[PDB]
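So this block is entry_26.pdb, PDB, C-alpha atoms:
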ATOM      1  CA  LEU A  43     -28.442   9.251 -83.720
ATOM      2  CA  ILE A  44     -26.623  10.750 -80.740
ATOM      3  CA  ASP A  45     -27.401  10.436 -77.062
ATOM      4  CA  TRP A  46     -26.939  14.040 -75.991
ATOM      5  CA  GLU A  47     -27.430  13.343 -72.311
ATOM      6  CA  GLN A  48     -24.571  10.875 -72.388
ATOM      7  CA  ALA A  49     -22.640  13.561 -74.247
ATOM      8  CA  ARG A  50     -23.554  16.179 -71.630
ATOM      9  CA  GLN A  51     -22.303  13.964 -68.800
ATOM     10  CA  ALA A  52     -19.125  13.079 -70.665
ATOM     11  CA  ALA A  53     -18.446  16.776 -71.315
ATOM     12  CA  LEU A  54     -19.095  17.806 -67.719
ATOM     13  CA  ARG A  55     -16.712  15.157 -66.425
ATOM     14  CA  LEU A  56     -13.859  15.611 -68.865
ATOM     15  CA  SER A  57     -14.021  19.390 -68.348
ATOM     16  CA  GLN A  58     -12.984  18.866 -64.693
ATOM     17  CA  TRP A  59     -14.902  22.015 -63.842
ATOM     18  CA  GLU A  60     -14.722  21.350 -60.097
ATOM     19  CA  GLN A  61     -10.939  21.805 -60.156
ATOM     20  CA  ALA A  62     -11.090  25.211 -61.772
ATOM     21  CA  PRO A  63     -13.687  27.366 -59.996
ATOM     22  CA  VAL A  64     -13.521  31.077 -60.700
ATOM     23  CA  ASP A  65     -11.904  33.055 -57.896
ATOM     24  CA  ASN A  66     -13.264  36.513 -57.080
ATOM     25  CA  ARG A  67     -16.041  36.634 -59.633
ATOM     26  CA  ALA A  68     -16.986  40.033 -58.244
ATOM     27  CA  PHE A  69     -13.812  41.958 -59.022
ATOM     28  CA  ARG A  70     -13.265  40.028 -62.257
ATOM     29  CA  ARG A  71     -16.705  41.217 -63.448
ATOM     30  CA  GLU A  72     -15.551  44.758 -62.571
ATOM     31  CA  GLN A  73     -12.356  44.358 -64.549
ATOM     32  CA  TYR A  74     -14.006  42.963 -67.691
ATOM     33  CA  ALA A  75     -16.916  45.395 -67.422
ATOM     34  CA  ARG A  76     -14.581  48.366 -67.593
ATOM     35  CA  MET A  77     -12.310  46.767 -70.201
ATOM     36  CA  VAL A  78     -15.322  46.380 -72.549
ATOM     37  CA  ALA A  79     -16.581  49.923 -71.785
ATOM     38  CA  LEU A  80     -13.249  51.154 -73.081
ATOM     39  CA  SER A  81     -12.912  48.598 -75.876
ATOM     40  CA  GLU A  82     -16.205  49.007 -77.722
ATOM     41  CA  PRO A  83     -15.587  52.749 -78.398
ATOM     42  CA  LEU A  84     -11.964  52.311 -79.523
ATOM     43  CA  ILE A  85     -13.032  49.598 -81.930
ATOM     44  CA  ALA A  86     -16.144  51.434 -83.124
ATOM     45  CA  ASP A  87     -13.984  54.465 -83.980
ATOM     46  CA  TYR A  88     -11.223  52.553 -85.709
ATOM     47  CA  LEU A  89     -13.760  50.654 -87.831
ATOM     48  CA  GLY A  90     -16.244  53.482 -88.282
ATOM     49  CA  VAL A  91     -19.238  51.304 -87.374
ATOM     50  CA  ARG A  92     -21.141  50.619 -84.214
ATOM     51  CA  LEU A  93     -22.763  47.539 -82.768
ATOM     52  CA  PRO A  94     -26.486  47.124 -83.363
ATOM     53  CA  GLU A  95     -26.603  46.409 -79.627
ATOM     54  CA  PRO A  96     -24.007  47.845 -77.197
ATOM     55  CA  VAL A  97     -22.428  45.221 -74.943
ATOM     56  CA  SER A  98     -24.514  45.817 -71.829
ATOM     57  CA  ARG A  99     -23.806  42.508 -70.097
ATOM     58  CA  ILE A 100     -20.713  40.438 -69.424
ATOM     59  CA  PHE A 101     -20.448  36.963 -68.000
ATOM     60  CA  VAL A 102     -17.444  35.455 -66.207
ATOM     61  CA  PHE A 103     -17.782  31.697 -66.817
ATOM     62  CA  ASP A 104     -16.153  28.661 -65.231
ATOM     63  CA  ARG A 105     -15.989  25.493 -67.374
ATOM     64  CA  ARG A 106     -19.352  24.195 -66.185
ATOM     65  CA  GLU A 107     -21.135  27.427 -67.065
ATOM     66  CA  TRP A 108     -19.415  27.525 -70.428
ATOM     67  CA  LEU A 109     -20.803  24.027 -71.102
ATOM     68  CA  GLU A 110     -24.359  24.619 -69.839
ATOM     69  CA  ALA A 111     -24.544  27.691 -72.059
ATOM     70  CA  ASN A 112     -23.094  26.102 -75.210
ATOM     71  CA  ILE A 113     -24.181  22.470 -75.271
ATOM     72  CA  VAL A 114     -27.507  23.086 -77.046
ATOM     73  CA  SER A 115     -25.908  25.316 -79.679
ATOM     74  CA  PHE A 116     -23.241  22.640 -80.036
ATOM     75  CA  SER A 117     -25.656  19.741 -80.514
ATOM     76  CA  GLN A 118     -27.575  21.839 -83.041
ATOM     77  CA  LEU A 119     -24.478  21.921 -85.226
ATOM     78  CA  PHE A 120     -25.353  18.247 -85.696
ATOM     79  CA  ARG A 121     -28.957  18.756 -86.830
ATOM     80  CA  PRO A 122     -28.030  18.436 -90.534
ATOM     81  CA  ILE A 123     -26.589  15.002 -89.742
ATOM     82  CA  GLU A 124     -29.282  13.801 -87.353
ATOM     83  CA  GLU A 125     -32.129  14.637 -89.742
ATOM     84  CA  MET A 126     -30.320  13.216 -92.746
ATOM     85  CA  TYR A 127     -29.887  10.114 -90.597
ATOM     86  CA  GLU A 128     -33.637   9.601 -90.218
ATOM     87  CA  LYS A 129     -34.410   9.928 -93.918
ATOM     88  CA  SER A 145     -23.804   3.286 -80.096
ATOM     89  CA  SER A 146     -25.743   6.535 -79.916
ATOM     90  CA  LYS A 147     -24.274   6.337 -76.426
ATOM     91  CA  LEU A 148     -20.752   5.623 -77.668
ATOM     92  CA  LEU A 149     -21.146   8.529 -80.083
ATOM     93  CA  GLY A 150     -22.271  10.748 -77.214
ATOM     94  CA  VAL A 151     -19.239   9.682 -75.188
ATOM     95  CA  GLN A 152     -16.913  10.741 -78.002
ATOM     96  CA  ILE A 153     -18.632  14.041 -78.894
ATOM     97  CA  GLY A 154     -19.118  14.903 -75.233
ATOM     98  CA  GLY A 155     -15.530  13.981 -74.543
ATOM     99  CA  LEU A 156     -14.305  16.319 -77.252
ATOM    100  CA  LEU A 157     -16.579  19.057 -75.930
ATOM    101  CA  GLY A 158     -15.384  18.572 -72.343
ATOM    102  CA  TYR A 159     -11.892  18.888 -73.718
ATOM    103  CA  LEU A 160     -12.821  22.145 -75.469
ATOM    104  CA  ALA A 161     -14.176  23.411 -72.136
ATOM    105  CA  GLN A 162     -10.687  23.438 -70.598
ATOM    106  CA  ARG A 163      -9.163  25.338 -73.458
ATOM    107  CA  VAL A 164     -11.718  27.888 -74.629
ATOM    108  CA  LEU A 165     -11.022  31.393 -73.375
ATOM    109  CA  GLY A 166     -14.010  33.365 -74.624
ATOM    110  CA  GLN A 167     -16.972  34.074 -76.897
ATOM    111  CA  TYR A 168     -15.429  33.811 -80.367
ATOM    112  CA  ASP A 169     -12.950  30.954 -80.107
ATOM    113  CA  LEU A 170     -15.134  28.580 -82.071
ATOM    114  CA  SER A 171     -16.425  29.893 -85.409
ATOM    115  CA  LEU A 172     -19.422  27.545 -85.576
ATOM    116  CA  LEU A 173     -20.548  28.836 -82.183
ATOM    117  CA  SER A 174     -19.945  32.446 -83.250
ATOM    118  CA  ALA A 175     -22.451  32.180 -86.121
ATOM    119  CA  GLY A 179     -25.499  40.264 -79.286
ATOM    120  CA  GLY A 180     -25.390  42.656 -76.342
ATOM    121  CA  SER A 181     -23.019  40.673 -74.140
ATOM    122  CA  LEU A 182     -19.669  38.904 -73.870
ATOM    123  CA  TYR A 183     -18.417  36.085 -71.653
ATOM    124  CA  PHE A 184     -14.949  35.135 -70.508
ATOM    125  CA  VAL A 185     -13.940  31.759 -69.157
ATOM    126  CA  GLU A 186     -11.668  33.327 -66.510
ATOM    127  CA  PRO A 187     -10.327  29.963 -65.237
ATOM    128  CA  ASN A 188      -8.706  29.098 -68.568
ATOM    129  CA  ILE A 189      -7.720  32.733 -69.091
ATOM    130  CA  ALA A 190      -5.966  32.717 -65.692
ATOM    131  CA  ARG A 191      -4.189  29.446 -66.481
ATOM    132  CA  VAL A 192      -2.848  30.709 -69.811
ATOM    133  CA  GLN A 193      -1.724  34.048 -68.348
ATOM    134  CA  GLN A 194       0.271  32.230 -65.707
ATOM    135  CA  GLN A 195       1.662  29.477 -67.893
ATOM    136  CA  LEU A 196       2.958  32.208 -70.209
ATOM    137  CA  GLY A 197       4.287  34.442 -67.452
ATOM    138  CA  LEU A 198       2.114  37.284 -68.658
ATOM    139  CA  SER A 199       0.625  40.324 -66.976
ATOM    140  CA  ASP A 200      -2.790  39.919 -65.323
ATOM    141  CA  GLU A 201      -4.088  43.279 -66.523
ATOM    142  CA  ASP A 202      -2.472  43.301 -69.955
ATOM    143  CA  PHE A 203      -3.487  39.796 -70.986
ATOM    144  CA  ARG A 204      -7.121  40.276 -69.985
ATOM    145  CA  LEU A 205      -7.319  43.601 -71.809
ATOM    146  CA  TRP A 206      -5.721  41.843 -74.765
ATOM    147  CA  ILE A 207      -8.455  39.198 -74.550
ATOM    148  CA  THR A 208     -11.229  41.733 -74.202
ATOM    149  CA  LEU A 209      -9.950  43.630 -77.248
ATOM    150  CA  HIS A 210      -9.721  40.422 -79.217
ATOM    151  CA  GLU A 211     -13.254  39.515 -78.068
ATOM    152  CA  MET A 212     -14.796  42.874 -78.938
ATOM    153  CA  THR A 213     -13.070  42.881 -82.295
ATOM    154  CA  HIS A 214     -14.769  39.632 -83.270
ATOM    155  CA  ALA A 215     -18.108  40.863 -81.947
ATOM    156  CA  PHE A 216     -17.814  43.750 -84.387
ATOM    157  CA  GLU A 217     -16.686  41.509 -87.271
ATOM    158  CA  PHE A 218     -19.650  39.196 -86.663
ATOM    159  CA  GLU A 219     -22.285  41.787 -85.793
ATOM    160  CA  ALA A 220     -21.330  45.235 -87.119
ATOM    161  CA  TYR A 221     -21.953  43.995 -90.690
ATOM    162  CA  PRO A 222     -25.392  42.292 -90.760
ATOM    163  CA  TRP A 223     -24.619  40.174 -93.826
ATOM    164  CA  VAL A 224     -21.802  38.228 -92.177
ATOM    165  CA  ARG A 225     -23.930  35.758 -90.195
ATOM    166  CA  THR A 226     -26.525  35.541 -92.975
ATOM    167  CA  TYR A 227     -23.735  34.729 -95.419
ATOM    168  CA  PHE A 228     -22.155  32.320 -92.947
ATOM    169  CA  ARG A 229     -25.480  30.580 -92.421
ATOM    170  CA  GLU A 230     -25.854  30.497 -96.215
ATOM    171  CA  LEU A 231     -22.496  28.752 -96.663
ATOM    172  CA  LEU A 232     -23.436  26.136 -94.088
ATOM    173  CA  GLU A 233     -26.736  25.333 -95.778
ATOM    174  CA  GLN A 234     -24.862  25.065 -99.077
ATOM    175  CA  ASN A 235     -22.306  22.499 -97.823
ATOM    176  CA  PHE A 236     -25.086  20.280 -96.489
ATOM    177  CA  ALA A 237     -26.867  20.091 -99.851
ATOM    178  CA  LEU A 238     -24.691  16.996-100.275
ATOM    179  CA  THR A 276     -16.571  17.698-106.032
ATOM    180  CA  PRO A 277     -15.529  21.167-107.252
ATOM    181  CA  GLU A 278     -18.948  22.105-105.859
ATOM    182  CA  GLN A 279     -18.278  21.247-102.221
ATOM    183  CA  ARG A 280     -14.741  22.646-102.561
ATOM    184  CA  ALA A 281     -16.105  26.032-103.611
ATOM    185  CA  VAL A 282     -18.072  26.072-100.363
ATOM    186  CA  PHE A 283     -15.058  25.109 -98.244
ATOM    187  CA  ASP A 284     -12.949  27.649-100.112
ATOM    188  CA  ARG A 285     -15.420  30.388 -99.143
ATOM    189  CA  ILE A 286     -15.828  29.325 -95.500
ATOM    190  CA  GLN A 287     -12.050  29.097 -95.303
ATOM    191  CA  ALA A 288     -11.510  32.534 -96.851
ATOM    192  CA  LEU A 289     -14.109  34.117 -94.527
ATOM    193  CA  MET A 290     -12.592  32.546 -91.407
ATOM    194  CA  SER A 291      -9.157  33.712 -92.591
ATOM    195  CA  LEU A 292     -10.201  37.333 -93.177
ATOM    196  CA  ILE A 293     -12.069  37.446 -89.878
ATOM    197  CA  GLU A 294      -8.848  36.376 -88.063
ATOM    198  CA  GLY A 295      -6.487  38.475 -90.156
ATOM    199  CA  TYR A 296      -8.621  41.596 -90.031
ATOM    200  CA  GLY A 297      -9.143  41.000 -86.332
ATOM    201  CA  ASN A 298      -5.409  40.571 -85.778
ATOM    202  CA  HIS A 299      -4.857  43.810 -87.672
ATOM    203  CA  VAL A 300      -7.190  45.811 -85.458
ATOM    204  CA  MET A 301      -5.329  44.286 -82.496
ATOM    205  CA  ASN A 302      -2.014  45.747 -83.675
ATOM    206  CA  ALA A 303      -3.556  49.182 -84.233
ATOM    207  CA  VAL A 304      -5.683  49.483 -81.077
ATOM    208  CA  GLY A 305      -3.997  47.086 -78.665
ATOM    209  CA  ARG A 306      -0.449  48.316 -79.194
ATOM    210  CA  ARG A 307      -1.177  51.824 -77.972
ATOM    211  CA  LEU A 308      -2.712  50.389 -74.804
ATOM    212  CA  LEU A 309      -0.668  47.293 -73.937
ATOM    213  CA  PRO A 310       2.962  47.829 -72.839
ATOM    214  CA  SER A 311       3.511  44.051 -72.878
ATOM    215  CA  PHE A 312       1.858  43.766 -76.301
ATOM    216  CA  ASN A 313       4.952  42.455 -78.078
ATOM    217  CA  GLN A 314       5.495  40.057 -75.167
ATOM    218  CA  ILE A 315       1.971  38.622 -75.434
ATOM    219  CA  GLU A 316       1.905  38.225 -79.206
ATOM    220  CA  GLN A 317       5.164  36.292 -78.798
ATOM    221  CA  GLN A 318       3.952  34.066 -75.960
ATOM    222  CA  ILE A 319       0.438  33.517 -77.299
ATOM    223  CA  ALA A 320       1.729  32.408 -80.724
ATOM    224  CA  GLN A 321       1.403  28.672 -80.028
ATOM    225  CA  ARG A 322      -1.976  29.090 -78.307
ATOM    226  CA  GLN A 323      -3.245  30.709 -81.518
ATOM    227  CA  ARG A 324      -2.034  27.771 -83.644
ATOM    228  CA  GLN A 325      -3.907  25.599 -81.177
ATOM    229  CA  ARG A 326      -7.167  27.593 -81.332
ATOM    230  CA  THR A 327      -7.096  27.292 -85.109
ATOM    231  CA  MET A 328      -6.715  23.524 -85.006
ATOM    232  CA  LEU A 329      -9.569  23.093 -82.544
ATOM    233  CA  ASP A 330     -11.788  25.495 -84.499
ATOM    234  CA  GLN A 331     -11.139  23.340 -87.539
ATOM    235  CA  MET A 332     -11.759  20.158 -85.512
ATOM    236  CA  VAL A 333     -15.254  21.430 -84.710
ATOM    237  CA  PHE A 334     -16.002  21.902 -88.424
ATOM    238  CA  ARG A 335     -14.922  18.360 -89.348
ATOM    239  CA  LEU A 336     -16.757  16.875 -86.374
ATOM    240  CA  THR A 337     -20.022  18.373 -87.646
ATOM    241  CA  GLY A 338     -19.408  17.440 -91.274
ATOM    242  CA  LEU A 339     -17.299  20.205 -92.824
ATOM    243  CA  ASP A 340     -14.045  18.455 -93.712
ATOM    244  CA  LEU A 341     -12.350  21.701 -94.690
ATOM    245  CA  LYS A 342      -8.954  23.020 -93.640
ATOM    246  CA  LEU A 343      -8.384  26.369 -91.947
ATOM    247  CA  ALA A 344      -5.293  28.432 -92.770
ATOM    248  CA  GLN A 345      -2.329  28.853 -90.399
ATOM    249  CA  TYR A 346      -2.003  32.580 -89.726
ATOM    250  CA  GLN A 347      -0.449  35.588 -91.448
ATOM    251  CA  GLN A 348      -2.102  34.077 -94.521
ATOM    252  CA  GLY A 349      -5.182  36.124 -93.689
ATOM    253  CA  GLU A 350      -3.215  38.715 -91.719
ATOM    254  CA  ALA A 351      -0.540  39.416 -94.346
ATOM    255  CA  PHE A 352      -3.366  39.862 -96.831
ATOM    256  CA  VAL A 353      -4.788  42.685 -94.727
ATOM    257  CA  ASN A 354      -1.383  44.135 -93.805
ATOM    258  CA  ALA A 355      -0.445  44.086 -97.456
ATOM    259  CA  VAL A 356      -3.488  45.952 -98.810
ATOM    260  CA  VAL A 357      -3.554  48.290 -95.803
ATOM    261  CA  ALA A 358       0.089  49.139 -96.494
ATOM    262  CA  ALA A 359      -0.710  49.523-100.192
ATOM    263  CA  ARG A 360      -3.919  51.554 -99.875
ATOM    264  CA  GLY A 361      -4.873  52.200 -96.276
ATOM    265  CA  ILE A 362      -7.483  51.013 -93.806
ATOM    266  CA  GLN A 363     -10.372  52.731 -95.580
ATOM    267  CA  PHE A 364      -9.661  50.813 -98.791
ATOM    268  CA  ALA A 365      -9.169  47.546 -96.886
ATOM    269  CA  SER A 366     -12.488  48.142 -95.081
ATOM    270  CA  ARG A 367     -14.236  47.506 -98.406
ATOM    271  CA  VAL A 368     -14.031  43.796 -97.657
ATOM    272  CA  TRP A 369     -16.936  44.440 -95.186
ATOM    273  CA  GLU A 370     -19.414  45.901 -97.689
ATOM    274  CA  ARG A 371     -20.663  42.551 -98.981
ATOM    275  CA  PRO A 372     -19.785  38.816 -99.259
ATOM    276  CA  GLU A 373     -18.605  39.469-102.807
ATOM    277  CA  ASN A 374     -15.850  41.771-101.551
ATOM    278  CA  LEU A 375     -14.256  39.022 -99.458
ATOM    279  CA  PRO A 376     -11.067  37.727-101.043
ATOM    280  CA  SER A 377     -10.798  34.172-102.319
ATOM    281  CA  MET A 378      -8.157  31.972-100.708
ATOM    282  CA  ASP A 379      -6.094  32.875-103.774
ATOM    283  CA  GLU A 380      -6.535  36.622-103.265
ATOM    284  CA  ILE A 381      -5.516  36.082 -99.643
ATOM    285  CA  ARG A 382      -2.294  34.550-100.978
ATOM    286  CA  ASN A 383      -1.879  37.424-103.416
ATOM    287  CA  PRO A 384      -3.622  40.594-102.165
ATOM    288  CA  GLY A 385      -2.772  42.355-105.426
ATOM    289  CA  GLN A 386      -5.491  40.397-107.235
ATOM    290  CA  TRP A 387      -7.987  41.647-104.666
ATOM    291  CA  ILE A 388      -6.867  45.279-104.831
ATOM    292  CA  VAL A 389      -7.281  45.212-108.598
ATOM    293  CA  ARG A 390     -10.708  43.549-108.424
ATOM    294  CA  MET A 391     -11.920  46.146-105.906
ATOM    295  CA  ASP A 392     -10.731  48.858-108.304
ATOM    296  CA  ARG A 393     -12.859  47.484-111.114
ATOM    297  CA  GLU A 394     -15.877  47.887-108.850
ATOM    298  CA  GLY A 395     -18.133  50.910-108.964
TER     299      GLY A 395
END
Let me see the structure of the file written as structure tokens.
Amino acid sequence: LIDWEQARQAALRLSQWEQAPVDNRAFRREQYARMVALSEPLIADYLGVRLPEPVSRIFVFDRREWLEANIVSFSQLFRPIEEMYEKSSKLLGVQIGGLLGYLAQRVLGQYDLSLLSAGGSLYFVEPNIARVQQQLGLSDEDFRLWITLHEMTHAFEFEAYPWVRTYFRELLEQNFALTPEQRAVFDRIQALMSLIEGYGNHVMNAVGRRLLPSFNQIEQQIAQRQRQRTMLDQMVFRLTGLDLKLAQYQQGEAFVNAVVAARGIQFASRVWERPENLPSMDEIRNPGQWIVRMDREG
């Protein structure tokens, strides 16, 4: 159905990788290596869980490397559509590859795209990271530590609780089985993505604040880039056949801030015990409902 080699070429060219080579890969690897060595522990302690596999490797990517490493995983997001097609391919490849090449000049790291996030290492696309830092007049050190913290947080959220990816893979299979039925699926995927961001943004405030003097500055400046990441993450879902709609922000963050204010981090950590403990989109809009439901458990 899709010519993936046309797509690959289209992606490589639109990414304009040649114009954004990584400078000083050597000291950047040093920087990230030590920022993760610090990060993992601080996050492990705050969340009371460890990674099944400590982050023992880190990769500093340019746009070309990001593409070479993600194109197969990307195409595979289309398997449900390409099989279902069996039971122009060039022009499709041009469009999908184009969109992917576009993503290559905006992605900053490992967990920017949920469908690609579905262990033992982390990568950073330093070129785009450097361009954002400078366009926002931010601190070299502070922004990259901010990014590392954000990155490690999501690694924990996706890997510290084994059921998360299983449950995420479950939800994907569900959707493809074909209505209030499909909406239930979207509702769940949407609520999971929301909690992952909100809980992740909560850990940022609690661990990143103590270590980033420009923290307030960054959160302010990065605001629009976050709105952007959300739109592109959603775009990837619709492209592959999940015409759902992600939630802005605060929606999932205010949920967590609310309950944490109302009962503490330990209580709020209950959302990580099982898929059933994740709030519905409704509960995210009204945490109270969730707090009550968790109370009735046991």
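Atom to atom, CA of residue 394 (chain A) and CA of residue 371 (chain A) stand 12.2 Å apart.
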### Query
For residue 49 (chain A), which residue among A:116, A:69, A:103, A:227 is the nearest when counting all atoms listed in the file?
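With all atoms listed in the file as the atom set, the closest residue is A:116.
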### Task
Please provide the set of residues having any atom within 12 Å of residue 169 (chain A), restricted to all atoms listed in the file, with same-chain residues fewer than 2 positions apart removed, written as an NGL selection string.
:A and (160-161 or 163-167 or 171-175 or 183-185 or 207 or 210-211 or 214-215 or 290 or 293-294 or 322-331 or 333)
### Message
List the spatial neighbours of residue 113 (chain A) as a PyMOL selection string - criterion: any atom at most 10 Å away, only C-alpha atoms, same-chain residues fewer than 3 positions off excluded.
### Response
chain A and resi 46+49-50+53+108-110+116-119+154+157
#### Entry: Point-to-point distance from CA of residue 79 (chain A) to CA of residue 92 (chain A), Å rounded to tenths
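Answer for the CA of residue 79 (chain A) to CA of residue 92 (chain A) separation: 13.3 Å.
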### Query
Which of these residues is nearest to residue 71 (chain A), using only C-alpha atoms: A:237, A:156, A:54, A:182?
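Among the listed residues, the smallest separation from residue 71 (chain A) belongs to A:182.
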### Task
Counting all atoms listed in the file, figure out which residue out of A:336, A:353, A:197, A:205 gets nearest to residue 80 (chain A).
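Among the listed residues, A:205 lies closest to residue 80 (chain A).
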### Target residues per the PyMOL selection byres ((chain A and resi 104) around 6), formatted as a count of residues only
8
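Distances here use all atoms listed in the file; by that measure, the residue among A:209, A:56, A:151, A:97 closest to residue 298 (chain A) is A:209.
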### Query
For the atom pair CA of residue 99 (chain A) and CA of residue 55 (chain A), what is the interatomic distance in Å to one decimal place?
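Computed distance, CA of residue 99 (chain A) to CA of residue 55 (chain A), equals 28.5 Å.
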### Nearest-residue call for residue 355 (chain A), choices A:299, A:228, A:377, A:343, using all atoms listed in the file
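Checking each of A:299, A:228, A:377, A:343 against residue 355 (chain A), counting all atoms listed in the file, the winner is A:299.
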Which polymer residues have any atom within 10 Å of an atom of residue 362 (chain A), counting all atoms listed in the file, with same-chain residues fewer than 4 positions away left out, as a PDB file with C-alpha atoms, in the coordinates of the input?
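See out-v7.pdb below for the written result:
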ATOM      1  CA  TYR A  88     -11.223  52.553 -85.709  1.00  0.00           C
ATOM      2  CA  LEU A  89     -13.760  50.654 -87.831  1.00  0.00           C
ATOM      3  CA  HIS A 299      -4.857  43.810 -87.672  1.00  0.00           C
ATOM      4  CA  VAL A 300      -7.190  45.811 -85.458  1.00  0.00           C
ATOM      5  CA  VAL A 353      -4.788  42.685 -94.727  1.00  0.00           C
ATOM      6  CA  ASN A 354      -1.383  44.135 -93.805  1.00  0.00           C
ATOM      7  CA  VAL A 356      -3.488  45.952 -98.810  1.00  0.00           C
ATOM      8  CA  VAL A 357      -3.554  48.290 -95.803  1.00  0.00           C
ATOM      9  CA  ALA A 358       0.089  49.139 -96.494  1.00  0.00           C
ATOM     10  CA  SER A 366     -12.488  48.142 -95.081  1.00  0.00           C
ATOM     11  CA  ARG A 367     -14.236  47.506 -98.406  1.00  0.00           C
TER      12      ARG A 367
END
### Selection result for the PyMOL selection byres ((chain A and resi 308) around 12) on this file, as number ranges by chain
A: 77, 80-81, 84, 201-203, 205-206, 209, 301-307, 309-313
### Task
Compile the contact shell of residue 381 (chain A) as a list in words: residues with an atom at most 9 Å away, counting all atoms listed in the file, same-chain residues fewer than 6 positions apart removed.
residues 288, 291, 292, 348, 349, 350, 351, 352, 353 and 387 of chain A
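Checking A:72, A:153, A:181, A:319 one by one against residue 98 (chain A), counting all atoms listed in the file, you find the shortest gap at A:181.
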### Task
Kindly resolve the PyMOL selection byres ((chain A and resi 95) around 7) on the present coordinates and return the residues as a PyMOL selection string.
chain A and resi 93-94+96-97+179-180
### Query
Residues at most 7 Å from residue 375 (chain A), counting only C-alpha atoms, excluding those fewer than 3 positions away in the same chain, as number ranges by chain?
A: 289, 368, 372
